[PDB]
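The structure appears right after this line, and notes come after that.
Any value given below was found using the heavy atoms of this structure, including those in side chains, with hydrogens, waters and symmetry copies removed. Below, read A as the first sequence line, B as the second, and so on, with proteins coming before strands; counting in each chain starts at 1.
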Amino acid sequence: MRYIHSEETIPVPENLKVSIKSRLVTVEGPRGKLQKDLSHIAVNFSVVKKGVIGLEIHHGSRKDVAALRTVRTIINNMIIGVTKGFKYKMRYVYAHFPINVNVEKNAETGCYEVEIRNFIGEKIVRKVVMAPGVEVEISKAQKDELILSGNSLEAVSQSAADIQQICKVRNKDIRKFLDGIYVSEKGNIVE
RNA sequence: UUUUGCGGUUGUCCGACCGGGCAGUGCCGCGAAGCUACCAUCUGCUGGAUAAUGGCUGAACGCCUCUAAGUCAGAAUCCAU
Ligand SMILES: [Mg+2]
Ligand SMILES: [Mg+2]
Ligand SMILES: [Mg+2]
Ligand SMILES: [Mg+2]
Ligand SMILES: [Mg+2]
Ligand SMILES: [Mg+2]
Ligand SMILES: [Mg+2]
Ligand SMILES: [Mg+2]
Ligand SMILES: [Mg+2]
C-alpha cells in the first residue's frame with residue numbers, strides 16, 4: 001500500500017527564522033545558527049500557516065513515510081537547540097581510582113579537548129576532542145560531574161558518546177567493574 | 001687456499017752447496033685478497049575504507065529501539081603509501 005498523503009507540521013516560535021532551499025534547512029535564532037542537509041529524503045516542504053512549516057510525502061510506502069516524523073523531529077531539535085540550547089551532564093563513577101579530567105579550549109582551533117587520566121589506575125592518558133560549537137566544563141555545583149553545552153543536539157550527544165566510549169574496562173566482569181564516565185542528565189540550557 | 005705467498009719436511013732426480021724438477025695440489029704450519037656464516041654485522045613505514053561489535057540522533061509503532069533515512073568508533077581484515 002502507498003499512502004496518497006502523509007503530512008507533518010512544525011511550529012516555529014516568534015524569535016527565530018527558518019530558510020529551506022534545495023532541502024538545505026537553515027535555522028537562525030538568538031543562540032546562533034544551524035544547518036542541515038536533508039537532500040537524501042524525498043520530502044515536500046511548504047508554509048501552511050503564519051508560523052507553521054508543513055512537510056509531506058506523496059505516494060510513499062511505509063519505508064518512505066517512516067522518515068517524515070524523523071525529519072520533523074530533527075528540524076524541531078534544531079529549532080529548540082537554536083532557541084534554548086542543549087546541555088548534557090555526566091558523572092564519573094569509580095571504585096578505587098579517582099578519575100582525573102582536564103578540559104581546555106585549543107588555541108589554534110576553537111574545539112575543546114578533554115584529557116582523562118588515572119582511569120582504572122592505568123598510565124595511558126586518553127584525549128578526546130569535542131565537536132565544534134560544544135563547550136565542556138567541570139561542574140562547579142557538585143563533584144565528579146562534566147557539563148557539555150551547545151546548539152546542536154547531535155554534536156553535543158556525539159561528543160558525550162565519545163567521552164563515554166573512550167572509558168571502557170576490558171577483560172573484566174563488567175557487572176563488577178563499573179568504572180567510567182556516563183551521561184546522567186539530558187536537558188536544555190534555558191530552564 | 002692454486003697467492004702454490006713464505007717457511008718446514010719425506011722419497012727420488014739435476015755430482016755436492018745454492019737453486020730447482022717430479023709424486024696429476026707430495027705432505028705440514030701460517031697465510032693476505034675474494035667469496036662467505038643468526039658461525040658475523042646492519043635494516044624492515046603509516047593513511048583510508050571496513051566486518052563483528054560498541055554507540056549518537058530517530059521513526060516505523062504518540063512509548064521504545066545503534067537503523068529504517070542519516071551518522072560516530074572500530075580487527076593480525078581489505079585497498080593504497
Ligand atoms: Mg578474568
Ligand atoms: Mg694447500
Ligand atoms: Mg714454500
Ligand atoms: Mg727435493
Ligand atoms: Mg721426469
Ligand atoms: Mg696423493
Ligand atoms: Mg687458516
Ligand atoms: Mg534513541
Ligand atoms: Mg542506515
Do the six-membered rings of [N] and [M] lie with centres under 5.5 Å apart and planes under 30° from parallel?
N     : M     : answer
B:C27 : B:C28 : yes
B:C14 : B:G15 : no
B:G11 : B:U12 : yes
B:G62 : B:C63 : no
B:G34 : B:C35 : yes

Is there a Watson-Crick or G-U wobble partner for [N] with both distances under 3.5 Å, and if so, which one is it?
N     : answer
B:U43 : none
B:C78 : B:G48
B:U65 : none
B:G5  : B:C30
B:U36 : none
B:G15 : none
B:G58 : none

Margin query: Could you see if A:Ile80 belongs to whatever hydrophobic cluster contains A:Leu38? Use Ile, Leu, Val, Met, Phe, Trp, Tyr and a side-chain cutoff under 4.5 Å.
Written below: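 In one cluster: no.
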Given Watson-Crick or G-U wobble geometry and both distances below 3.5 Å as the test, should [N] and [M] count as paired?
N     : M     : value
B:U53 : B:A73 : yes
B:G26 : B:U9  : yes
B:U10 : B:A51 : no
B:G11 : B:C22 : yes

Checklist line | Whether A:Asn188 side chain and A:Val190 backbone form a donor-acceptor pair below 3.5 Å | finding: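 Between the backbone of A:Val190 and the side chain of A:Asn188 there is no qualifying donor-acceptor contact (under 3.5 Å).
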Notebook entry, point to check: So, the side chain of A:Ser159 versus the backbone of A:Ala131: is there a donor-acceptor pair under 3.5 Å, distance only?
Noted result: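 Answer holds: no.
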Margin query: Check the phosphate of B:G58 against A:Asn77, side-chain N and O only, distance under 4.0 Å to OP1 or OP2. Yes or no?
Written below: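 Answer is yes, contact under 4.0 Å.
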Check: Is there a side-chain polar atom (N or O) of A:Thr73 under 4.0 Å from OP1 or OP2 of B:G58?
Finding: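 False: A:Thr73 side-chain N/O out of range (4.0 Å or more) of B:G58 OP1/OP2.
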Notebook entry, point to check: Is A:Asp37 touching bases, backbone alone, or none of the nucleic acid, heavy atoms closer than 4.0 Å?
Noted result: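 No contact at all - A:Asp37 keeps every heavy atom at 4.0 Å or more from the nucleic acid.
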Margin query: Please give the distance between the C1' atoms of B:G20 and B:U41 as a whole number of Å.
Written below: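 One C1' to the other, the span is 47 Å.
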Next item on the list: Please identify each residue that fulfils side-chain contact (heavy atoms from CB on, under 4.5 Å) with A:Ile189, with sequence neighbours left out.
Entry: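 side-chain contact (heavy atoms from CB on, under 4.5 Å) list for A:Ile189, sorted by chain: A:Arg31, A:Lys87, A:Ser149.
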Check: Can you name the ring pair (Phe, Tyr, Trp, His ring centres under 6.0 Å) partners of A:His5, sequence neighbours left out?
Finding: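 If we apply the ring pair (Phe, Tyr, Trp, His ring centres under 6.0 Å) test to A:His5, skipping adjacent residues, the hits are A:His58.
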Notebook entry, point to check: Taking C1'-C2'-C3'-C4' as the guide, is B:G70 a north (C3'-endo side) or a south (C2'-endo side) sugar?
Noted result: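 Sugar pucker of B:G70 - north, given that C1'-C2'-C3'-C4' is above zero.
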Next item on the list: Report the pucker family of B:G5 (north if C1'-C2'-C3'-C4' is positive, south if negative).
Entry: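 Positive torsion, so north.
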Notebook entry, point to check: Which one of A:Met90, A:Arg91, A:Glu137 satisfies the side-chain contact (heavy atoms from CB on, under 4.5 Å) criterion with A:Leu146?
Noted result: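 When A:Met90, A:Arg91, A:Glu137 are each tested with A:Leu146, the side-chain contact (heavy atoms from CB on, under 4.5 Å) holds only for A:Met90.
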Margin query: Quick test of your reading of the model: are A:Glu113 and A:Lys127 salt-bridged, counting only N-O distances below 4.0 Å?
Written below: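 The answer is yes: the pair qualifies as a salt bridge.
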Item checked: Any residue meeting side chain to side chain donor-acceptor pair (under 3.5 Å) with A:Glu14, in chain and number order, not counting sequence neighbours ->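 With neighbours one apart ignored, the set is empty.
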Checklist line | Listed partners of A:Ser139 passing side chain to side chain donor-acceptor pair (under 3.5 Å), at least two apart | finding: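 Once residues adjacent in sequence are excluded, the partners of A:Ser139 under the side chain to side chain donor-acceptor pair (under 3.5 Å) criterion are A:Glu145.
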Margin query: Using a 4.0 Å cut-off on heavy atoms, which residues in residues 81-90 of chain A reach RNA chain B? List them by number, or say none.
Written below: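 Contacts with RNA chain B under 4.0 Å: A:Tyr88.
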Check: With respect to the side chain of A:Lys168, which nucleotide from B:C72, B:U57, B:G54 is positioned closest?
Finding: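 Selected nucleotide (nearest to the side chain): B:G54.
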Check: Do the non-hydrogen side-chain atoms of A:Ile99 and A:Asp144 ever get within less than 4.5 Å of each other?
Finding: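 A side-chain contact is absent here, since even the closest heavy-atom pair is not under 4.5 Å.
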Item checked: Annotated protein contacts, base or backbone, on nucleotides 61-71 of chain B with a non-hydrogen cut-off under 4.0 Å, one of B, S, - each -> S------BBS-
Next item on the list: On RNA chain B, check which nucleotide each of A:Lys186 and A:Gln165 is closest to and give me the residue with the more 5' one.
Entry: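 Mapping each residue to its closest nucleotide by heavy atoms, the 5'-most match is A:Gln165.
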Note to self: Please classify B:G48 as syn or anti, treating any glycosidic angle within 90° of 0 as syn.
What the structure shows: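 B:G48: anti glycosidic orientation.
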